[PDB]
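Novice: With positions in the sequence shown counted from 1, the corresponding number in PDB author numbering is that position plus 16.
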Amino acid sequence: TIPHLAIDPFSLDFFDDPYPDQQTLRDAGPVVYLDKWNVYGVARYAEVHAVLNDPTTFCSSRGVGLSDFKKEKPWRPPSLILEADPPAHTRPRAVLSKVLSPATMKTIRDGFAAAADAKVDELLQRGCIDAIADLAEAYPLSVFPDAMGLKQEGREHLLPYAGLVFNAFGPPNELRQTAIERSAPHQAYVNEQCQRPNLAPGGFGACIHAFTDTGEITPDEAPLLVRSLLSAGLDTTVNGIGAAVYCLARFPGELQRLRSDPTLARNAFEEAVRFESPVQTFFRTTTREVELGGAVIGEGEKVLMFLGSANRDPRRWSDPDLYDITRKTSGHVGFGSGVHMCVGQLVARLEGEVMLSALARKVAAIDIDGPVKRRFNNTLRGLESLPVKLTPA
Ligand code: HEM
Ligand SMILES: CCC(=O)c1ccc(C(=O)O)cc1
Ligand SMILES: [Cl-]
Ligand SMILES: [Mg+2]
Numbered sequence: 017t018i019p020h021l022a023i024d025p026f027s028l029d030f031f032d033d034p035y036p037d038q039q040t041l042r043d044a045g046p047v048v049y050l051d052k053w054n055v056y057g058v059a060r061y062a063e064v065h066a067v068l069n070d071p072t073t074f075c076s077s078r079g080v081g082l083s084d085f086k087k088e089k090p091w092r093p094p095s096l097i098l099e100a101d102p103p104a105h106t107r108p109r110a111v112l113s114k115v116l117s118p119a120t121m122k123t124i125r126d127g128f129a130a131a132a133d134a135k136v137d138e139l140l141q142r143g144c145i146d147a148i149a150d151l152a153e154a155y156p157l158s159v160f161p162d163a164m165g166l167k168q169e170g171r172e173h174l175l176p177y178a179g180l181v182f183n184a185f186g187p188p189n190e191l192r193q194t195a196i197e198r199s200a201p202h203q204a205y206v207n208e209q210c211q212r213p214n215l216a217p218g219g220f221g222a223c224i225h226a227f228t229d230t231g232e233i234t235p236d237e238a239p240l241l242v243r244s245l246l247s248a249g250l251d252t253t254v255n256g257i258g259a260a261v262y263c264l265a266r267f268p269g270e271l272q273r274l275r276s277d278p279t280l281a282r283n284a285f286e287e288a289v290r291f292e293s294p295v296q297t298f299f300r301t302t303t304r305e306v307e308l309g310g311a312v313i314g315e316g317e318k319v320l321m322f323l324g325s326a327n328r329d330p331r332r333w334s335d336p337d338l339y340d341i342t343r344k345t346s347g348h349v350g351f352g353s354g355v356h357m358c359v360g361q362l363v364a365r366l367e368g369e370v371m372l373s374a375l376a377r378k379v380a381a382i383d384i385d386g387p388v389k390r391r392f393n394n395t396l397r398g399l400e401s402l403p404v405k406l407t408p409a
């Protein structure tokens, strides 16, 4: 009843151009079986949304990677928020929701916006830049470690550790085993900065520790929640901002619409998250036998969700392969959906908005003027290098 496909969604050829294989996965049926890895797959919007909003059947406490925590040891202690289910998930989620709250955004907005303005003006003085290293990486590195309250020493471990984290959600292919092998120095740096004495008061990390007073998390839970922000809050925004610049460089008509109304900056970033989906895939594990799309999935089966594919499903989106900065983007699953929907989404949108705002006001054109290089990751989609010319407005 369920089609069996040999597509490997964690192969380099898939990463290089996933869109044809993603249509094949969508059009094969609402639920497929991937013989390469012995997992179920869902690539249409309807089933991806359905699975995300059914947490009691499609759980996260057995891992959101390919590995089943009931069968193998997690490569690091399980995340208290990402790799937990209600009710254990709820109070740690509430802490991160308050730490990264709308109220908190007010305290960082001016510095985040000023840093974005300064970066774009700095890059315009150079003319020909790398939009990844000099922008998509440089800007988040200039604001997010500070906002976490991290010390200066050791920040060079942050992007390598995040790449390891997201490669580890994948199957035990070379990308994953290369990342986990000899990863101890990255783990040691991160785990050390998660301890309260190393976090600047007033920053995100110290505020998590401050919530141990409330009864919402214990002192021994706070370092692991600091770890969550250091795992999920940097590389994702790097790929998201790079995707937005990539979209504006490819769709000059949309850059010009953004220039003419910089208040479209926030939705221009949101559409970039839908269009490129920095987080492409992750898993759930069935807690019971379950019917999904006419398909009977047994207990303890891994289900792979294609977020990027769901964000391009023509069953849901008109002209899904067009970047449209006035598209009604509400409902895309680039940040997930349901109880686990990205708790740092306000931080991501703040960075993206103020960067695209700076571009909208200061830049007249963005022209690719060098070889474009893709960055390969089992779960993250993004570029390694994006040489562009910036023309000042
Ligand atoms: C463009 C940027 C980002 C994207 C595309 C993104 C994507 C996602 C997605 C798809 C999920 C859901 C995972 C699941 O359902 O299993 C998620 C969860 C999460 N994200 Fe983000 N994220 C971004 C930025 C951030 C930032 C800036 C932070 C922290 C400052 C962050 C921290 C987290 C955490 C802690 C979770 C776990 C939430 C939970 O399980 O309840 N992310 N993210
Ligand atoms: C889709 C994966 C993701 O974005 C993420 C990764 C790690 C953590 C964590 O360490 O809790 C949370 C979310
Ligand atoms: Cl770690
Ligand atoms: Mg010390």
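Even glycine gets a Cβ: it sits at the ideal position worked out from N, Cα and C.
1) Contact check, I148 vs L271 under 8 Å by CB: the rounded distance?
2) What is the C-beta distance between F128 and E367, in whole angstroms, given that I count them as a contact (C-beta under 8 Å)?
3) Whole angstroms is fine: what's the gap from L246's alpha carbon to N255's?
4) If contacts are defined as beta-carbon pairs under 8 Å, then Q296 and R390 qualify, I think. What distance do you get, rounded to the angstrom?
5) Could you check the C-alpha separation between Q203 and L139 for me, to the nearest Å?
6) Give the secondary structure of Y155 by DSSP, where H, G and I count as helix, E and B as strand, and everything else as coil.
7) Do you know offhand how far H356's Cα is from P46's?
8) Expressed to the nearest angstrom, what Euclidean distance is found between the alpha-carbon atoms of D385 and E153?
9) If you compare alpha carbons, which of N327, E232, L151 is closest to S401?
10) Any heavy atom of ligand 2 within a distance shorter than 7 Å of the CB on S95?
11) To test your reading of the DSSP string, which unbroken alpha helix (DSSP H) runs of 4 or more residues are found completely within the region 199–232?
12) Mind listing, in chain order, the continuous alpha helix (DSSP H) runs of no fewer than 4 residues lying wholly within the region 259–318?
13) Assign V312 to buried or exposed, taking buried as 16 or more other Cβ atoms, counted over all protein chains shown, within 10 Å of its Cβ.
14) Could you pull the start and end residues of the beta strand (DSSP E) that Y339 belongs to?
15) My guess is that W53 and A184 are in contact by the Cβ rule of under 8 Å, so how many angstroms apart are they, rounded?
16) Which residues share a DSSP beta bridge with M371?
17) In whole angstroms, give me the CA-to-CA distance for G352 and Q168.
18) Straight-line CA distance for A260 to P108?
Specialist: With the structure as the only source:
1) No, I148 and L271 are not in contact; Cβ-Cβ is about 18 Å, not under 8 Å.
2) 6 Å
3) 15 Å
4) Not a contact, Cβ separation roughly 12 Å.
5) 33 Å
6) helix
7) 23 Å
8) 19 Å
9) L151
10) yes
11) 200–209, 220–226
12) 268–276, 281–292
13) exposed
14) Note, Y339: premise wrong, no beta strand (DSSP E); not H, not E.
15) Wrong, their Cβ atoms sit about 15 Å apart, outside the cutoff.
16) Answer by DSSP bridge pairing: none, since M371 is not bridged.
17) 32 Å
18) 31 Å
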